[PDB]
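Structure assessment
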Amino acid sequence: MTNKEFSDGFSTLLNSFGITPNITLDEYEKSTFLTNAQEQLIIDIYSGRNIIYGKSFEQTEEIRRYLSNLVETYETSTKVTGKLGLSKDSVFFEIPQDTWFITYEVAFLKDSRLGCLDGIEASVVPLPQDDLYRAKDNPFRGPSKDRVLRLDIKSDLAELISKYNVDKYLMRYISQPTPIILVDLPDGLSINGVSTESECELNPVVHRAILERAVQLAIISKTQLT
Amino acid sequence: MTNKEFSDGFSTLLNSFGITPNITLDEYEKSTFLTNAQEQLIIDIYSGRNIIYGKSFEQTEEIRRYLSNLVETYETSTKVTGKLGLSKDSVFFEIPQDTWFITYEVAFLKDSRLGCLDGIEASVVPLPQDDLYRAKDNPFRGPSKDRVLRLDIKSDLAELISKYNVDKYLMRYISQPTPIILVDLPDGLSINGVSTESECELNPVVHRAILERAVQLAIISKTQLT
Amino acid sequence: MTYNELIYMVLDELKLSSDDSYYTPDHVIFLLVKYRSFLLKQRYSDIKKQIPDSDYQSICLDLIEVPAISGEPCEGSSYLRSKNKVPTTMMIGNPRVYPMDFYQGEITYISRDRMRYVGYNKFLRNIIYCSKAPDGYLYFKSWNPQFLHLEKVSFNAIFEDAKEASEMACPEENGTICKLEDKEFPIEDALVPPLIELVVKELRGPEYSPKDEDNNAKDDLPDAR
Amino acid sequence: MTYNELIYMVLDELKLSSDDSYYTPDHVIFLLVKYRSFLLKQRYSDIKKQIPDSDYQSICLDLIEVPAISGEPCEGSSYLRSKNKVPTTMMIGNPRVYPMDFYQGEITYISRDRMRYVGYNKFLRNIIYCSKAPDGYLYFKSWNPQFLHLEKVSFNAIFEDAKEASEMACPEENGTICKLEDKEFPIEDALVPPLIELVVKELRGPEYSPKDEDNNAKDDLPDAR
Amino acid sequence: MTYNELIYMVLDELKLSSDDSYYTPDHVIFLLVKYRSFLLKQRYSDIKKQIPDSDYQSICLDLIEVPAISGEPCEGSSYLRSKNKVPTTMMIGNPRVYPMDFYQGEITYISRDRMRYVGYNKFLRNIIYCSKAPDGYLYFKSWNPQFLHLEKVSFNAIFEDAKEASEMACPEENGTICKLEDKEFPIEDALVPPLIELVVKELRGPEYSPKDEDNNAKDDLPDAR
Amino acid sequence: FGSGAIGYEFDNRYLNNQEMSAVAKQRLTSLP
Amino acid sequence: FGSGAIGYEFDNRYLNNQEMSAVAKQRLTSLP
Amino acid sequence: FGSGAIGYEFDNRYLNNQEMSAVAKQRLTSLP
Amino acid sequence: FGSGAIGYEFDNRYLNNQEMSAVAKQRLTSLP
């Protein structure tokens with residue numbers, strides 16, 4: 001569905017300007033509620049907390065077809081120099097700053113010590129800080145040629161603890177979806193920092209579910225004190 | 001979301017200046033409720049008491065991406081001299097004064113009695129005061145080359161009981177968040193000691209959860225006697 | 001019976017029909033061959049019995065002359081070895097190397113340890129010997145220099161891996177069979193119901209076990225996810 | 001009894017009547033043919049007992065002269081062999097190759113290993129010998145050049161695969177029975193109730209098991225879907 | 001079979017497919033390598049039995065002359081020894097050090113205690129003897145000063161740690177296999193299903209056990225967190 | 001829970017004792 | 001609960017007793 | 001509850017009796 | 001409930017009986 005179709009369906013479902021009591025929204029309010037419904041729905045889908053679906057990020061074909069258009073791949077070889085880490089062999093990499101959740105995360109290694117295995121792809125294991133001390137020396141869950149520990153730190157950074165030098169850092173995350181903005185908003189206004197029209201980038205399959213959730217949010221907004 | 005976006009979305013969600021009964025709040029109350037929602041949400045998420053997530057500090061990628069921008073790492077080698085401790089081999093270190101919760105905590109040892117194990121990275125184990133007397137002589141849970149016992153005391157201090165000298169104190173904690181102040185407040189007013197505008201430092205994913213929690217807090221505030 | 005019949009019988013009994021199944025037919029193939037070897041040893045190692053022809057299998061080997069250690073004048077006499085590595089045999093049947101006619105020729109297949117001290121007897125000096133060396137190839141040795149001219153042999157035995165010996169199988173009259181699934185599985189039909197039962201028991205419990213389904217940077221198995 | 005009666009007894013014990021059933025009659029044929037050999041080995045391998053006439057089948061073979069290895073002069077004498085591959089016999093019955101008359105002629109079916117060395121006895125130089133080579137064909141050998149004129153033999157044995165030997169069944173007076181279901185199953189009645197019990201037990205559990213039924217790019221067996 | 005096939009069979013039986021799994025493949029390698037030696041001892045220590053060829057591995061060693069103690073004159077004759085530490089053999093197989101040709105040469109692998117006193121027999125003064133010293137190296141001893149020129153030997157035995165001896169594996173024709181996962185696991189197929197069963201039983205219980213999951217300066221296992 | 005690193009060896013030892021008991025009754029007779 | 005430092009020893013001792021009983025029946029015969 | 005100061009000694013005594021029974025069948029034969 | 005002043009004595013007596021049975025089979029052989 002397009003922005004015009006989004007607005008028209010929103011009005012039709014809300015029974016705007018009908019004879020019965022009803023609710024009429026501005027295009028800014030329609031955009032706000034559509035964006036809120038979109039982001040709520042995709043977060044609930046990713047966490048598997050939607051009772052209707054009850055499935056996780058890629059647990060079935062339906063959810064794949066829903067959130068296929070947020071999956072973005074990223075590559076980086078630059079390392080942030082001045083930072084204080086929890087180990088000597090700690091390197092820091094920037095995050096794209098539009099990430100929502102990291103779903104695939106792997107690290108290529110370039111070191112002489114692992115001879116004839118150079119350029120080995122290594123599995124970045126997100127490790128909590130409780131386990132870090134007892135995982136540094138762990139030969140089965142600690143850093144090694146086939147495994148790297150990533151700890152999240154401030155300023156959108158990723159502290160990669162490896163026994164070998166880390167050359168490249170690969171990611172595949174869920175991106176910020178573009179907001180659903182149905183009209184070029186006036187000066188000052190914006191949704192997610194976007195002022196112009198913005199079409200939903202997901203598939204049309206989930207557009208109608210987003211519309212239903214946005215409508216429900218609208219009625220909740222108008223009918224939370226009565 | 002930006003402060004303008006917090007304000008506009010918050011007004012839209014409360015249906016301020018609508019035809020139905022509604023609530024209109026000043027920017028100061030918006031700041032107050034947004035900050036309260038922020039701190040309540042992140043404390044509930046750290047403690048794992050939030051039913052909607054039901055997850056602890058670093059137990060999933062969702063919570064990682066929520067509270068990644070609060071974790072700060074700190075080093076110190078200065079020892080507070082004049083204090084009373086529960087052991088002769090007890091040293092005191094000052095806390096950065098902005099900490100909420102310590103999640104990782106480590107001490108480096110420099111003693112000639114450590115042989116070739118000098119600078120051994122020793123884990124700092126927070127111990128209750130019941131266990132201290134029977135842990136002093138414990139060879140498996142007491143102070144050692146691989147263990148340091150930390151006790152909290154007054155004036156934001158950390159009593160590190162160790163068998164060997166402690167030169168450095170590495171630690172990673174959840175830091176004070178910058179409050180959500182949507183307008184430069186007049187003279188006298190401030191939120192968490194901040195008077196000017198102050199943008200949320202967390203990831204944009206959790207800003208909307210903060211928004212809805214703030215809306216519920218405002219509704220409870222205005223409808224707790226009716 | 002072929003590999004296909006056995007594989008799909010196991011799969012259909014497990015009802016692993018959906019292409020979106022955790023356990024593919026390759027799991028079935030691996031389990032079938034390993035349990036084949038397990039059952040054959042369990043049945044034909046305790047005491048000596050008759051092994052039917054169905055548990056036996058054949059391969060084609062091409063022999064090349066190689067030095068004992070390297071090319072040197074004093075490093076000993078040369079050997080003949082198969083070009084490719086040879087599957088390990090099971091010490092339960094009648095291993096035999098024959099010159100493409102089973103009912104002719106005497107090329108003895110002996111232990112690797114015995115093959116060091118062999119041929120000194122004056123009447124055993126024209127007998128060709130075999131043993132799978134630690135390299136993995138089947139080396140040949142004899143005192144009658146004519147053996148080095150030998151170019152191509154066959155090898156019948158109850159091989160440890162049915163798959164490895166099936167890949168090295170002799171060409172048929174029609175031709176080579178490209179798919180392993182179209183080859184004859186080397187086990188007697190009296191041992192097939194036990195084999196299917198063991199493999200189905202191997203994969204029954206795992207077939208209904210929980211998986212780490214959520215993509216949340218967390219281990220979800222303790223929660224039965 | 002015929003394959004049809006046994007197959008439909010198994011199906012009706014299982015009540016697999018709908019065409020939309022997971023386990024088709026082909027599963028039944030496979031299980032029946034394997035469990036037949038299983039039961040026959042279990043009963044007639046421990047100690048030697050009388051084998052009834054029901055356990056046997058007669059295949060008819062057409063023989064062709066073939067070189068021992070190739071067309072060389074020194075490659076040994078030629079052998080006759082069946083045109084098509086022959087089923088593997090079990091070692092429990094009374095295998096016999098006869099010249100289309102069971103009550104006449106002497107063609108000896110022996111082991112593969114023995115037939116390497118036969119006929120050296122001067123009084124046994126006119127006896128035709130048989131064995132199933134690893135090629136899968138029945139090879140014939142003798143020292144009396146008259147044997148090479150032989151064109152047709154029939155082989156009576158307890159074949160290890162009822163389906164294979166029934167497909168090679170000899171022409172009846174009326175004519176060939178095209179469908180396997182209309183041929184006669186090779187087993188004594190005293191072994192039929194146990195055979196049906198074993199097959200029905202084999203498929204009873206799988207009959208009511210769950211399926212990966214949702215087409216959702218997911219394995220649905222852990223959830224008992 | 002290779003380390004990869006066994007490792008992933010264990011993992012798939014356990015369904016440890018997610019990268020966010022507590023038990024990584026390294027746990028699987030450790031358990032497999034230990035349970036292999038456990039099973040081999042349990043099977044081949046009670047009474048002497050035939051050991052197949054699958055249980056063995058060949059390491060190649062490079063020898064260096066070393067003093068008995070130090071460079072003194074009266075400190076005894078010098079020994080050769082492998083450059084690197086050698087794996088410990090199990091006492092169940094047929095250990096043998098051979099001079100890059102298994103079918104030639106006589107280098108005797110004996111116990112540490114025996115090698116103190118060898119070669120006093122006048123006819124055994126030319127036999128090279130081997131043993132693994134408490135240093136962890138393979139030491140060589142003989143009374144025939146020619147032995148000190150030896151530069152390379154290969155040692156075939158059922159080594160107690162498959163990982164160590166596979167890391168010391170001999171160069172293949174194609175070249176060295178860098179990854180251990182692509183090398184061949186040292187065990188007979190008849191011992192593979194038991195090995196997988198033991199390892200899967202070992203990690204099944206721990207797989208679903210609770211964790212100390214809350215980061216709260218507290219032990220959370222008593223509460224089944 | 002599950003672990004067979006102690007039960008397997010005890011079962012193997014039990015069967016080894018049964019093995020030795022069975023083969024200890026084997027006699028090659030005399031006086032024919 | 002669980003701890004098998006006394007169960008293991010008692011099972012091992014039982015198997016030792018049964019092994020000694022087995023080997024105590026072994027004889028190398030005579031009178032051929 | 002739990003206490004093995006009486007069961008341990010009874011098990012040990014049972015295994016001691018088994019020990020004595022096993023070693024009481026040991027004979028060094030004669031008449032070769 | 002619990003009191004083991006009669007269970008202990010009966011178990012001890014059973015073990016004494018079994019010990020006497022064991023030692024009653026002991027012999028010091030002859031005819032070498």
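Residues numbered from 1 in each chain as written, not as in the entry; some residues may be left out. Chains lettered and ligands numbered in written order. Part of a larger assembly, values for the part shown. Heavy atoms only, no water.

**With respect to the overall build of chain C**
- The number of helices and strands found in chain C is 4 helices and 7 strands.
- Relative to the 2.2 N^0.38 estimate, which gives 17 Å for 225 residues, the radius of gyration of chain C is 22 Å and therefore markedly larger than a compact globule would have.
- Evaluated residue by residue, chain C yields a buried proportion of 56% over its 225 residues.
- Summarising the internal contacts of chain C: among those between residues at least 6 apart in sequence, 65% fall at separations of at least 24.
- As displayed, chain C offers around 9,700 Å² of accessible surface, 50% of which is attributable to carbon and sulfur atoms. (Helix = DSSP H or I, 4+ residues; strand = E, 2+ residues; numbered from the N terminus. Rg over C-alpha atoms; globule rule 2.2 N^0.38 Å. Buried < 20%, exposed > 50% of the residue type's maximum accessible area, 1.4 Å probe, protein only. Contact = heavy atoms within 4.5 Å. Areas by Shrake-Rupley, 256 points an atom, 1.4 Å probe, with all protein chains shown as cover.)

**Some words on the nonpolar core**
- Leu32 and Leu195 of chain C, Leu32 and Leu195 of chain D together with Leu32 and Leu195 of chain E are the most contacted members of the largest nonpolar core, which has 111 residues in total.
- For this core, the element with the highest residue contribution is helix α2 (residues 25–43) of chain C, accounting for 10 residues.
- Leave out the neighbours within four places in its chain, and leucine 195 of chain C touches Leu6, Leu32, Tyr35, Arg36, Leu39, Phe185 and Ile187 of chain C.
- Among the nonpolar cores identified, the runner-up in size contains 68 residues, and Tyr46, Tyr53 and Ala214 of chain A together with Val71 of chain B belong to it. (Core = buried A, V, L, I, M, F, W, Y, C linked by side-chain atoms within 4.5 Å.)

**Thoughts on the interface of chain B and chain A**
- Between chain B and chain A, the residue contacts involve 45 residues of the former and 48 residues of the latter.
- Roughly 3,900 Å² of surface becomes buried between chain B and chain A when both sides are summed, with 48% attributable to carbon and sulfur atoms.
- When the buried surface of chain B facing chain A is broken down by residue, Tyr104, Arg172 and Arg208 of chain B rank first, second and third, together holding 17% of it.
- Connecting chain B to chain A are 7 salt bridges.
- The salt bridge partner of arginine 208 of chain B is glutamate 39 of chain A, with a shortest N-O separation of 3.1 Å.
- In this structure, the connection of chain B to chain A is made through 25 residue pairs in polar contact.
- Among the secondary structure elements, those contributing two or more residues to the side of chain B that touches chain A are α1 (3–14), α3 (61–67), β1 (71–76), β3 (99–109), β4 (121–126), β7 (166–175) and α5 (207–222) of chain B.
- If you tally residues by element for the side of chain B that touches chain A, the top one is α1 of chain B, at 7 residues.
- Considered class by class, the residues forming the side of chain B that touches chain A number 18 nonpolar, 12 polar and 15 charged. (Buried area = accessible area lost by both parts, 1.4 Å probe. Salt bridge = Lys/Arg side-chain N within 4 Å of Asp/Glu carboxyl O. Polar contact = N/O pair within 3.5 Å; in protein donor to acceptor, adjacent residues only side chain to side chain. Nonpolar A, V, L, I, M, F, W, Y, C, P; charged D, E, K, R; others polar.)

**Examining the interface of chain D and chain C**
- Taken together, the 44 residues of chain D in the interface contact 45 residues of chain C.
- Across the interface of chain D and chain C, roughly 4,200 Å² is buried in total on both sides, 52% from carbon and sulfur atoms.
- The interface formed by chain D and chain C holds 6 salt bridges in total.
- A salt bridge links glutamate 188 of chain C to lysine 41 of chain D, with the shortest nitrogen-to-oxygen separation between them at 2.6 Å.
- Summed over the shared surface of chain D and chain C, the result is 15 residue pairs in polar contact.

**Examining the relation of the copies chain D and chain C**
- The transformation that overlays chain D on chain C combines an axial shift of 0.1 Å with a rotation of 30°, and the residual RMSD is 0.2 Å.
- A share of only 7% of the interface residues of chain D reappears at the interface of chain C, consistent with the copies meeting through non-equivalent patches. (Least-squares fit on C-alpha atoms.)

**Comments concerning the state of the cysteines**
- Enumeration according to the criterion identifies 3 disulfides over all chains in this entry.
- The side chain of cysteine 60 of chain D participates in a disulfide bridge whose partner is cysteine 170 of chain D; the two sulfur atoms lie 2.0 Å from each other. Of note, the bridge from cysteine 60 of chain D to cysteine 170 of chain D carries an S-S torsion of about 115° and is right-handed in sense. Taken together, the positions of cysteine 60 of chain D in strand β1 (residues 57–66) and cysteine 170 of chain D in the loop between α4 (162–167) and α5 (192–207) put the pair 110 residues apart, joining distant regions of the chain.
- Free of any disulfide, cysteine 60 of chain C has its nearest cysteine sulfur in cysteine 170 of chain C, 4.8 Å distant. (Disulfide = S-S within 2.5 Å.)

**Brief notes about the side chain of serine 131 of chain C**
- Looking at the secondary structure, you find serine 131 of chain C in strand β5 (residues 128–132).
- Judged by relative accessible area, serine 131 of chain C falls into the buried class, the value being 0%.
- Side-chain polar atoms of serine 131 of chain C contact the side chain of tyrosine 103 of chain E, separated by 2.4 Å.
- Among residues more than four places away in sequence, those in contact with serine 131 of chain C are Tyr109, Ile110, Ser111, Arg112, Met115, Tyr137, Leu138 and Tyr139 of chain C together with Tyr103 of chain E.

**Digging into the sheet that holds β7 of chain B**
All names here are of chain B.
- Pairing in this open sheet of 7 strands is mixed, and the strands run β1-β7-β3-β4-β5-β6-β2 from one edge to the other. Whereas interior strands pair on both sides, the edge strands pair on one side only; in this sheet they are β1 and β2 (90–94). Averaged over all neighbouring strand pairs, the angle between strand axes comes to 30°, with direction disregarded.
- As paired elements, strand β5 (residues 147–153) and strand β6 (residues 157–161) share 5 bridges and run antiparallel to each other. Along β6, the bridge assignment pairs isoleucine 153 with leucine 157.
- Helix-sheet contacts for helix α2 (residues 27–47) involve β3 and β7, and the interaxial angle to β3 is about 50°. (Pairing = 2+ DSSP bridges. Axes fitted to C-alpha atoms, helices over the stretch in contact; angles between N-to-C directions.)

**Description of unusual backbone geometry**
- Phi angles above zero are rare outside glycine, and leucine 31 of chain F is one such case at about 55°.
- Judged by relative accessible area, which is 71%, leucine 31 of chain F ranks as exposed.

**Regarding the environment of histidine 27 of chain C**
- Tracing the backbone shows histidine 27 of chain C in helix α2.
- The exposure class assigned to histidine 27 of chain C is buried, which follows from its relative accessible area of 10%.
- As for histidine 27 of chain C and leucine 203 of chain C, which are separated by 176 residues in sequence, their C-alpha atoms are 9.2 Å apart.
- Once residues lying within four places of it in the same chain are set aside, the contact partners of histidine 27 of chain C are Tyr22 of chain C together with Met9 and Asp12 of chain E.
- There is a polar contact of 2.6 Å between the side chain of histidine 27 of chain C and the side chain of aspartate 12 of chain E.

**Digging into the sheet that holds strand β4 (residues 120–126) of chain A**
Residues and elements named next belong to chain A.
- Spatial strand order, β1-β7-β3-β4-β5-β6-β2: 7 strands in an open sheet with mixed pairing. Since the sheet does not close on itself, it has two edges, and those belong to β1 (71–76) and β2 (90–94), each with one partner. Going from strand to strand, the sheet's axes swing by 30° on average, the running direction of each strand aside.
- The pairing of β2 with strand β6 (residues 157–161) spans 5 bridges and is classified as antiparallel. Among the inter-strand pairings, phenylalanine 93 is bridged to a residue of β6, identified as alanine 158.
- Along the sheet face, helix α2 (residues 27–47) touches β3 (99–109) and β7 (166–175) and points at about 50° away from the line of β3.

**Considering the packing of helix α1 (residues 3–14) of chain C against α2 of chain C**
All names here are of chain C.
- At a minimum axis distance of 10 Å, the contact between α1 and α2 shows a crossing angle of 110°. As summarised for this structure, α1 and α2 are arranged roughly perpendicular, according to the angle between their axes. Where α1 crosses over α2, the two elements pack in a sense that is right-handed. Within the contact between the two elements, α1 uses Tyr3, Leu6, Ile7, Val10 and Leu11 and α2 uses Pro25, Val28, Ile29, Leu32 and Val33.
- A breakdown of the residues in the contact of α1 with α2 according to their chemical character gives 10 nonpolar, no polar and no charged. (Parallel < 35°, antiparallel > 145°, perpendicular 65-115°, else oblique. Left-handed = near helix turned anticlockwise from the far one by under 90°.)

**Points about the pairing of β4 of chain B**
Residue and element names in this part refer to chain B.
- Bridge count between β3 and β4: 3 bridges; the pairing is antiparallel. Within β4, the residue paired with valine 106 across the bridge is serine 123.
- Two elements, β4 and β5, share 4 bridges in a ladder whose sense is parallel. Bridging from a neighbouring strand, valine 125 pairs with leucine 149 of β5.
- The β-α-β motif built from β4, the intervening helix α4 (residues 130–136) and the parallel element β5 has right-handed crossover chirality. (Right-handed = clockwise from strand over helix to strand, strands pointing away.)

**Regarding the packing of aromatic side chains**
- Scanning all chains against the criterion turns up 48 aromatic pairs over all chains.
- One aromatic cluster in this structure is built from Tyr79 and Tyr139 of chain C together with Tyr98, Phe102 and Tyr103 of chain E.
- In this structure, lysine 15 of chain C packs its charged tip against the face of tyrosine 22 of chain D, placed 5.0 Å from the ring centre.
- The ring of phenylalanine 30 of chain C carries the charged tip of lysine 34 of chain C above its face, separated from the ring centre by 4.7 Å. (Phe/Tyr/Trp six-rings, centres within 6.5 Å; stacked < 30°, edge-to-face > 60°. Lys NZ or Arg CZ within 6 Å of the ring centre and 35° of its normal.)

**Looking at a nonpolar patch on the surface**
- A cluster of nonpolar side chains, contributed by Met20 and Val23 of chain H together with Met20 and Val23 of chain I, occupies part of the molecular surface with about 310 Å² of accessible area.
- Of all the secondary-structure elements, those providing two or more residues to the nonpolar patch are α1 (7–23) of chain H together with α1 (7–23) of chain I.
- Within the fold, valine 23 of chain I resides in helix α1.
- Residue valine 23 of chain I is classed as partly exposed on the basis of its relative accessible area of 34%. (Patch = residues over 30% accessible without salt bridge, like charges linked within 9 Å, V, L, I, M, F, W, Y side chains within 5 Å.)

Take it as geometry only, folks, not as evidence of what the structure does.
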